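Single chain ahead, by itself, as structure tokens, in the form deposited in one PDB entry.
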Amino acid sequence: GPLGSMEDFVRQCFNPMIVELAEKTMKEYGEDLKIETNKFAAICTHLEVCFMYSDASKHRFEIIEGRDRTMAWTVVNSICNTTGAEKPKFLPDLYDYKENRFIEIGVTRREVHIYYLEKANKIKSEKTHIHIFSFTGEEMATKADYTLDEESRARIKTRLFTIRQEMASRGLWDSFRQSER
């Protein structure tokens, strides 16, 4: 049918705060949202998932993702100096004060196991916990430890489904799904 604009969709369906943060991210990494619209959408999605993940248990998680890079690294350094946790080589999305480990969160259109393996290879850290969500409800987590209960993760998955099917409703899904990497 009628093909829609990804930028319009992103601005209509994501919270304005999230949008601003995503724009800030893309500016920071030199990417133009006006052209890299799928990347823009993905960054919004990943941000929202990180925030929902944090929100599932307030006072447990420090949020790293969303801050400017220097600020984020400052926070990471602070957490390491305060808790004695090993410094990660790449910027994680969260810190878990309860389990005393950083959390890397992935959101993928690809096969979750493969994606997980790529992440676990590309962090080269050992204590950082990895949690991968797909748009079809699949999950993959380090040591099969999923951290949050089924209801919280169900909320996350449901949001992902909503996004996927509104995109599909606008004819955006086909392009978005294969523009990964």
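We call the rigid core the largest set of C-alpha positions that still match within 1.5 Å between the two forms. All residue numbers are counted from 1 along the displayed sequence.
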### Query
Between 47-55 and 122-130, which has the larger RMS C-alpha deviation from this form in 8 other deposited structures of this protein after core superposition?
122-130
### Query
Looking at the deposited entry, does 67-75 or 99-107 carry the larger mean Cα B-factor?
67-75
### Given 138-146 and 33-41, the range whose Cα B-factors average higher in the PDB entry
33-41
### Query
So among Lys27, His129, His113, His46, who wins on Cα B-factor in the entry?
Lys27
### Message
Maximum C-alpha temperature factor per the entry, among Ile156, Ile123, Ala56, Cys50, belongs to which one?
### Response
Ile123
### Task
Using the B-factor values recorded in the entry, state whether the Cα atom of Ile18 falls in the lowest, middle or highest third among the modelled residues of its chain.
highest
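Not pictured, yet referred to below: the form solved in complex with a small molecule.
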### Task
Name the residue from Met52, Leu148, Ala42, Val112 that puts a heavy atom within 4.5 Å of the small molecule in the deposited complex.
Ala42
### Message
Can you tell me if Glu36 lies within 4.5 angstroms of the small molecule in the deposited complex, counting non-hydrogen atoms only?
### Response
yes
### Query
Are any of the heavy atoms in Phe61 no more than 4.5 Å from a heavy atom of the small molecule in the deposited complex?
no
### Query
Could you tell me if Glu180 has a non-hydrogen atom within 4.5 Å of the small molecule in the deposited complex?
yes
